[PDB]
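1. The data below comprise the sequence and an experimental structure of the protein.
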Amino acid sequence: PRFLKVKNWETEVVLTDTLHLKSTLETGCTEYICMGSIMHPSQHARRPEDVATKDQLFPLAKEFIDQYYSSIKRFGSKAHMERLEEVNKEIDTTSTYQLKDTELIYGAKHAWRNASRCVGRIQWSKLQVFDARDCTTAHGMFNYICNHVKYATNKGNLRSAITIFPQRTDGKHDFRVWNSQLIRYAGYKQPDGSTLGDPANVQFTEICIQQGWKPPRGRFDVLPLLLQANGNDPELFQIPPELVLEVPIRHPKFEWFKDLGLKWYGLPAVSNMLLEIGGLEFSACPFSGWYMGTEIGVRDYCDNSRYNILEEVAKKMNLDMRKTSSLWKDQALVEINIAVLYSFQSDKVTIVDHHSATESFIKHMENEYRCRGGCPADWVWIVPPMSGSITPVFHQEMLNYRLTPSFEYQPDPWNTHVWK
Amino acid sequence: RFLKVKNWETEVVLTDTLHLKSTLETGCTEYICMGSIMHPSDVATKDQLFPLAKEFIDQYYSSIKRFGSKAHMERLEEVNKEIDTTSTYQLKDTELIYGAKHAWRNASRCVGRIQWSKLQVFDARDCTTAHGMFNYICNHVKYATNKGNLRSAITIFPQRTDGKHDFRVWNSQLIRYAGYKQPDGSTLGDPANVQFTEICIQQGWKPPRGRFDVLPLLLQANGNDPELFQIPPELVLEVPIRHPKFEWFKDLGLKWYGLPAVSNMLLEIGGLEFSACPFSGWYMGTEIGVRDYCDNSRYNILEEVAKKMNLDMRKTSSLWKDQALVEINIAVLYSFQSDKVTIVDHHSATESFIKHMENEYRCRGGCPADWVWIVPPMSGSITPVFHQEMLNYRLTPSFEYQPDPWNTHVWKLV
Ligand code: HEM
Ligand code: HEM
Ligand SMILES: C[C@H](O)[C@H](O)[C@H]1CNc2nc(N)[nH]c(=O)c2N1
Ligand SMILES: C[C@H](O)[C@H](O)[C@H]1CNc2nc(N)[nH]c(=O)c2N1
Ligand SMILES: Cc1cc(N)nc(CCCN2CC(F)(F)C2)c1
Ligand SMILES: Cc1cc(N)nc(CCCN2CC(F)(F)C2)c1
Ligand SMILES: [Zn+2]
């Protein structure tokens, strides 16, 4: 029916969802099977694999233009009807259409607003949008990305931003950032078989080396940018180091911590996702905000197939590592996340702890149910990866559904690119 | 059809075919996922019972490699007679044991299922009064407790008939601590149990008004008014909580009971409904250490522990809550191990569950699992289940929720 309730089991607040009635595409679940913990549950996309026919693209365009003109209290106005007819002609004569600046901004902000996996969405309407649709080469992509990084970093007072490159046309002329984030550290396969640096990035690191990058072969080597424009072969660029803000990790109590020689970068900037607005696909759309401390201290530092530094911290702390039941992993994990937050705050680099972020999200949910009739949210991703049940989102029921505009996953370009 | 599930830490990929056997709803639709809803969303007629019974008997005779046998066909014949004549039927003892074990094996929210086939089943279907239920439950507690070497067990009371004669254990668990709200708004004891404590006091219980009063059993036989019984205190094994490094921890006066024993769920086997079926295992430490002690609506001792730890409790970003939570959970595990009372830490348990899950995919074609419940309430991503994709679906026999009995019971006396 016309409503589904969600309950918080701590406060007994009940919210009533009607926004899900506007959901467009499949979650992957059914009556009989829930796919809520599948990373990529569904391949349901809104238009086929490349350049659609008119009957495929125009309905999606009309739906978005309708939604945008409703959003600004028109619908049916002179400009709405003209825009429809203008999109109609543009598709007739080019097989696609071009978004207005206002529509582009509306679409980007609503993709963030609709991102059910993102705990940071209370900030969704404060997003700086850089229109990079006039770009034609990898050199121009590099210039746009450098300006984004400089604006977003803002000497540590971080600012959310997205830079949007030309949309897909036929699928052979894609713009792509091959990096998964604008700033990541290299990972190196070692002679014995261990890994130096960040193990997630071993393959991408090897592509960069195989493209002519000379690796300094350290533990915190900022990877080059690997940029593809208009379907051509990708090109390597070194981000100027003065644009890459980094934080040395120290601990407020353990003076030995800084001798671990750890650091991390300040700017999280996802660059491998696809932005979908009214049937248009922006395959290069790097966006950035600021970290929740656990993203560094829990996942980046302590995943087994990542930096895996729990061993060292625990040793220096003189914990019993004979058996799991001493909870030495849990104890070192806390100290590391204390140190990360203390270090970012000491250097006045924007960062949020998982207690503050999750409390912000409960408040965001309440705002969204009050003004919008709902808020799509993926509990599996929203609950932080440590200390789950002492955060308020753990006890919050959530409904997950897919709204458009949206951010989507896309295949890695090196599986699909035909080299020249 | 097949569905694949991937582990993103190990890259292992498993193939689920067992989901084709599912039947009831998950609650999700093709366009909305309700995977984090706690409870998504009167007795069966003859026509409804026939196919439910058949499916169960079919699955039982398949499990014992007797499908299609003369004994299979005769059991089906016999079951349909009973349904036809009496509007219900009676499980054989073998079927009851198999059903009980498979409800556990099918419990998608339970991380402890590697143990599912070692379950001691106590058949209590001959019971007729609350005194009889008390006797059965006492024997269950004593067998399961086993002087600290805990053994999984379940006791199964008579099935529902017309819904007007249900057997129920009114307690949510066999052993729990009372909670008392004070006139000044504070709480003594376990805040989760305030409501049920009130019900007991009203039924005539004389409460000690301490921090760790074991609640009485409130037992309902054959739809009559429930009756109060005190579990003999020497059957309730308890563990005083101390910490291996903080000698002051013992001065918090904390203790917990050793036997976790859920008593408010419904066991469904072949369409038959067993509304009183208390079952018990042994604890994962975080059930006590994270939830029982550190939930805000529970004993809520993060404050005192962090205070005695001298933590900076002004800013959240000092992570004092996280730091104190770990120490409480260290204390819980150390205390049980010292007293040789069975317990498992969340690292050992999630590792065992991954091995169980993989074995289940191999021999059975899958393993329904609820990630939201399987991932422990602390240190999620440093356990192996966090990175394990899982499929959730409902197989029968199963354990289900049922309404609380004080909401539906119509009283008889005065
Ligand atoms: C401003 C501060 C922000 C914070 C604190 C934040 C927080 C987070 C966190 C913790 C995650 C989980 C990431 C992971 O565990 O891998 C996430 C995911 C995500 N965020 Fe945000 N975010 C912020 C800004 C943004 C912005 C500006 C956008 C887009 C314009 C965005 C879009 C997304 C998307 C699409 C995901 C899902 C990514 C995926 O599925 O891999 N976020 N966010
Ligand atoms: C033998 C040791 C066992 C361990 C270590 C164990 C562990 C757990 C844990 C940690 C949970 C989640 C509870 C929570 O966090 O609230 C759970 C749930 C559950 N367990 Fe097990 N369990 C064990 C035995 C059993 C047995 C013997 C049965 C039934 C015969 C059973 C059936 C269930 C069910 C039905 C649930 C879900 C309850 C609900 O949804 O409220 N478990 N178990
Ligand atoms: C709202 C949310 O579904 C709820 O808090 C769940 C989350 N996961 C859980 N997981 C376990 N093991 N036990 C619980 O009580 C809960 N509670
Ligand atoms: C299998 C599981 O869904 C997967 O590991 C998810 C779980 N939850 C997550 N949550 C966040 N925030 N980020 C992640 O990468 C993941 N990984
Ligand atoms: C914009 C943004 C802000 C933030 N604080 N965090 C993220 C996520 C960082 C990268 N995530 C790993 C993944 F690939 F899953 C996405 C993105
Ligand atoms: C048999 C069993 C063993 C164990 N170690 N733990 C439990 C769970 C205790 C209570 N659980 C909360 C709930 F209501 F969901 C059920 C049950
Ligand atoms: Zn679902």
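-> All right, it came through fine. Residues are numbered from 1 along each chain as shown, chains lettered A, B, ... in the order given. Ligands and ions are numbered 1, 2, ... in the order given.
2. mind listing the helices for the stretch 201-350 of chain A?
-> Assigned by DSSP state H, counting those that start in this stretch, the stretch 201-350 of chain A shows helices spanning A:202-209, A:293-294, A:301-302, A:310-317, A:328-346.
3. Show me the one of these that comes nearest chain B.
-> helix A:328-346 (4.7 Å; CB to the nearest CB). Using the backbone N, CA and C atoms, a C-beta is placed for each residue, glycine as well.
4. for that closest one, which positions count as buried?
-> A:328-345 (16 or more other CB atoms under 10 Å in any protein chain shown).
5. ok, the helix or strand following that helix near ligand 3 or not?
-> Counting by DSSP states H and E, the element after helix A:328-346 in chain order, helix or strand, is helix A:354-372. No. For helix A:354-372, no contact with ligand 3 is found by CB under 6 Å from any ligand atom; the gap never falls below 11.8 Å.
6. What's the local residue count around residue A:415?
-> If you count neighbours by other CB atoms under 10 Å in any protein chain shown, residue A:415 ends up with 6.
7. Where does the stretch 301-420 of chain A get nearest to ligand 7, which residue?
-> residue A:400 (7.2 Å; CB to the ion).
8. Quick check: that residue touching residue A:374?
-> No. Residue A:400 lies out of contact with residue A:374 (CB atoms under 8 Å); the separation is 10.8 Å.
9. which one of those two has more residues nearby?
-> residue A:400 (26 against 23).
10. what residues are up against the residue nearest to the more buried one when sequence neighbours are not counted?
-> Leaving aside its chain neighbours, residue A:400 sits nearest to residue B:33 (4.2 Å; criterion: CB to CB, 6 or more residues apart in numbering or on different chains). By CB atoms under 8 Å, 6 or more residues apart in numbering or on different chains, the contact list for residue B:33 reads A:27-29, A:34-36, A:399-401.
11. change it to 7 Å
-> A:27, A:29, A:34, A:36, A:400 (CB atoms under 7 Å, 6 or more residues apart in numbering or on different chains).
12. Now the last one. Its backbone dihedrals?
-> Read it as residue A:400. phi -110, psi 130 (degrees, to the nearest 10).
13. State the distance from it to ligand 1.
-> 12 Å (CB to the nearest ligand atom, to the nearest Å).
14. same question, the fourth one
-> From residue A:36 over to ligand 1 the distance is 14 Å, taken as CB to the nearest ligand atom.
15. Any chance of the backbone angles for that residue?
-> phi -60, psi -20.
16. repeat for residue A:267
-> Dihedral angles for residue A:267 - degrees, to the nearest 10 - are phi -110, psi 110.
17. Would you mind naming the residues that bridge with the residue nearest to the spatial centre of chain A?
-> Compute the mean C-alpha point of chain A, and by CA atoms, centre = their mean the closest residue is residue A:270, 4.6 Å away. Beta-bridge partners for residue A:270, by DSSP bridges, are residue A:181, residue A:287.
18. and it, how far is that from ligand 5?
-> 5 Å.
19. Over to residue A:114?
-> Distance from residue A:114 to ligand 5, counting by CB to the nearest ligand atom: 14 Å.
20. To which secondary structure element type does the residue in the stretch 101-250 of chain A positioned nearest to ligand 7 belong?
-> Going by CB to the ion, ligand 7 is nearest to residue A:116 of the stretch 101-250 of chain A, at 12.2 Å. Three-state assignment for residue A:116 (DSSP: H, G, I helix; E, B strand; the rest coil): coil.
21. next one: phi and psi at it?
-> phi -70, psi -20.
22. same question, the one 3 residues further on
-> The phi/psi pair for residue A:119 (degrees, to the nearest 10) reads phi -80, psi -10.
23. Spell out which parts of the stretch 301-420 of chain A neighbour ligand 4.
-> So far as CB under 6 Å from any ligand atom goes, the stretch 301-420 of chain A lies against ligand 4 at A:380-381.
24. What residue in the stretch 301-420 of chain A comes nearest to ligand 2?
-> Taking CB to the nearest ligand atom, ligand 2 has its nearest neighbour within the stretch 301-420 of chain A at residue A:389, 8.9 Å off.
25. what does the stretch 1-150 of chain A give?
-> Taking CB to the nearest ligand atom, the stretch 1-150 of chain A has residue A:9 as its residue nearest ligand 2, at 11.5 Å.
26. follow-up on the earlier one: ok, now how distant is the residue nearest to residue A:400 from ligand 4?
-> 12 Å.
27. near ligand 5, which residues of the stretch 1-150 of chain A?
-> residue A:120.
28. can you map out the strands along the stretch 1-150 of chain A?
-> For the stretch 1-150 of chain A, applying DSSP state E, counting those that start in this stretch gives strands covering A:4-7, A:14-17, A:128-131.
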